[PDB]
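Here the structure comes first, spelled out in structure tokens, and everything after it is commentary.
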Amino acid sequence: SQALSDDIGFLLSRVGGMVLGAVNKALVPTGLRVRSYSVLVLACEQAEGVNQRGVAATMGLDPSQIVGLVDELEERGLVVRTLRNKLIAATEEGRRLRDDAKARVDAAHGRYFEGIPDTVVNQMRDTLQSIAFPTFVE
Amino acid sequence: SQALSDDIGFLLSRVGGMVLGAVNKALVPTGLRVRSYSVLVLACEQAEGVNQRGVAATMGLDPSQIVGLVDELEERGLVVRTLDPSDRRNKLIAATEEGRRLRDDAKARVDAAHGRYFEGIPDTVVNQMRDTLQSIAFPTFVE
Ligand SMILES: CC(C)(COP(=O)(O)OP(=O)(O)OC[C@H]1O[C@@H](n2cnc3c(N)ncnc32)[C@H](O)[C@@H]1OP(=O)(O)O)[C@@H](O)C(=O)NCCC(=O)NCCSC(=O)/C=C/c1ccc(O)cc1
Ligand SMILES: CC(C)(COP(=O)(O)OP(=O)(O)OC[C@H]1O[C@@H](n2cnc3c(N)ncnc32)[C@H](O)[C@@H]1OP(=O)(O)O)[C@@H](O)C(=O)NCCC(=O)NCCSC(=O)/C=C/c1ccc(O)cc1
Ligand SMILES: [Cl-]
Ligand SMILES: [Cl-]
Ligand SMILES: [Cl-]
Ligand SMILES: [Mg+2]
Ligand SMILES: [Mg+2]
């Protein structure tokens, strides 16, 4: 089928945007939106700060875009930017808000994947990781 | 897993965004962007045209958001607002000959641009992803 509604690229972009909208809606009480949430999660994965370069690469953004997200998070004392190399270190308050936000984010997920078994989610996860994070550039 | 890179919602938005940016870039020679392209494609799929509400539902948008996309395509002579010959109360967005020719050019670009991401995936994996994403975007009901 050559129909748009059967096209996997269309579908991925459509469901990605549905998830993005739902997660932004769920995040409203936290003051975060998806990109600032993502920087905060990445910072909270480590004790010491995480490499800003690496954050940008993971998120598929230029480092210049991550700068403003770090400023946003620092406005609320959620991360502290430390040192040509730049690292982003989560605070105790950052870690607390990350937990509250993630429960809202999971639920926003739960709503879209209800009735879809974990075996299907696991295969989707692997496939999407192989696209976003390939072993080399073809 | 607590890791962002294991969050299926993150990965959907991450790869969805890769696809969106690649499609806008592939479309630069056509003058279209992802939404105007989608409307043009959906009009071309029908012989007589497609209803605004159908387009909106396929794109997950309110119908009010489709009017300006149709205006853009109409100003370029790529679609025409017409009336369904089988029901004149049914307004249709119909592709023109020039719209069909551009849609063929544009879909060739977008197909090739998608290949970078999807060509290497096993067919059985793609098929399962397709059907799963359809069940999320376009839920079905009782028979
Ligand atoms: C349409 C999207 C996906 C969602 O936009 P949104 O609905 O404005 O959502 P937001 O993330 O801005 O806000 C989320 C929700 O939280 C709400 N919200 C927010 N901030 C607050 C607040 N501070 N207080 C209270 N409430 C709040 C906000 O109003 C909204 O609520 P609701 O309307 O009920 O869903 C938007 O991200 C977007 O346009 N993305 C770019 C891509 C795009 O054009 N998508 C449209 C579908 S067409 C498509 O995907 C085609 C792709 C395609 C791909 C490949 C191809 O080959 C061909 C085509
Ligand atoms: C071409 C895009 C998709 C849109 O840019 P644009 O057309 O030049 O225009 P705008 O900058 O006005 O953006 C249009 C809308 O695209 C929306 N958008 C912005 N990223 C996207 C996108 N990945 N898909 C789908 N619409 C988008 C964005 O929110 C905005 O919505 P709205 O404000 O309602 O009009 C551009 O954002 C782009 O190239 N994105 C690729 C880079 C990217 O998104 N990387 C991932 C960042 S991290 C992230 O998204 C995390 C999400 C997340 C989700 C769930 C979780 O559980 C956890 C995390
Ligand atoms: Cl954005
Ligand atoms: Cl940004
Ligand atoms: Cl219209
Ligand atoms: Mg919006
Ligand atoms: Mg600010």
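Labeling convention for the structure tokens: chains A, B, ... as they appear, residues from 1 per chain, ligands from 1 in order of appearance.
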
Could you list, as a list in words, all the residues within 12 Å of ligand 6, counting only C-alpha atoms and all ligand atoms?
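Checked against 12 Å with only C-alpha atoms and all ligand atoms; the hits are residues 17, 18, 20, 21, 22, 23, 24, 25 and 33 of chain A; 61 of chain B.
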
Each chain A residue no farther than 10 Å from ligand 1, nearest pair in Å, only C-alpha atoms and all ligand atoms, as a Markdown table:
| residue | atom | partner | partner_atom_place_in_ligand_line | distance |
| --- | --- | --- | --- | --- |
| A:4 | CA | ligand 1 | 58 (C) | 7.2 |
| A:5 | CA | ligand 1 | 58 (C) | 9.3 |
| A:7 | CA | ligand 1 | 57 (O) | 7.2 |
| A:8 | CA | ligand 1 | 55 (C) | 8.0 |
| A:9 | CA | ligand 1 | 55 (C) | 4.7 |
| A:10 | CA | ligand 1 | 54 (C) | 3.7 |
| A:11 | CA | ligand 1 | 54 (C) | 7.0 |
| A:12 | CA | ligand 1 | 54 (C) | 7.3 |
| A:13 | CA | ligand 1 | 50 (O) | 4.9 |
| A:14 | CA | ligand 1 | 50 (O) | 4.0 |
| A:15 | CA | ligand 1 | 50 (O) | 7.7 |
| A:16 | CA | ligand 1 | 3 (C) | 7.4 |
| A:17 | CA | ligand 1 | 3 (C) | 3.7 |
| A:18 | CA | ligand 1 | 3 (C) | 5.5 |
| A:19 | CA | ligand 1 | 3 (C) | 8.0 |
| A:20 | CA | ligand 1 | 11 (O) | 5.7 |
| A:21 | CA | ligand 1 | 11 (O) | 3.6 |
| A:22 | CA | ligand 1 | 14 (C) | 5.8 |
| A:23 | CA | ligand 1 | 14 (C) | 7.2 |
| A:24 | CA | ligand 1 | 14 (C) | 4.9 |
| A:25 | CA | ligand 1 | 16 (O) | 3.5 |
| A:26 | CA | ligand 1 | 16 (O) | 7.3 |
| A:27 | CA | ligand 1 | 16 (O) | 8.3 |
| A:28 | CA | ligand 1 | 22 (C) | 5.6 |
| A:29 | CA | ligand 1 | 24 (N) | 8.3 |
| A:30 | CA | ligand 1 | 23 (N) | 10.0 |
| A:31 | CA | ligand 1 | 23 (N) | 7.7 |
| A:32 | CA | ligand 1 | 23 (N) | 9.2 |
| A:33 | CA | ligand 1 | 11 (O) | 7.9 |
| A:34 | CA | ligand 1 | 11 (O) | 8.2 |

At a cut-off of 8 Å and counting only C-alpha atoms and all ligand atoms, what residues surround ligand 7? Please answer as a list in words.
residues 68, 71, 72 and 75 of chain A

For the selection you just gave me, I'd like the residues written to a file as a short mmCIF file (atom, residue, chain, number, x, y, z; two decimals), in the first residue's frame, keeping C-alpha atoms.
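That gives us again-v8.cif:
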data_model
loop_
_atom_site.label_atom_id
_atom_site.label_comp_id
_atom_site.auth_asym_id
_atom_site.auth_seq_id
_atom_site.Cartn_x
_atom_site.Cartn_y
_atom_site.Cartn_z
CA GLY A 68 18.67 27.58 26.81
CA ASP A 71 19.20 28.13 31.68
CA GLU A 72 15.49 27.23 32.08
CA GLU A 75 16.02 29.35 36.83
#

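Among the candidate residues A:90, A:116, A:131, A:55, the one lying nearest to ligand 4 is A:55, with distances computed using only C-alpha atoms and all ligand atoms.
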
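The spacing separating atom CA of residue B:64 from atom CA of residue B:42 amounts to 16.7 Å.
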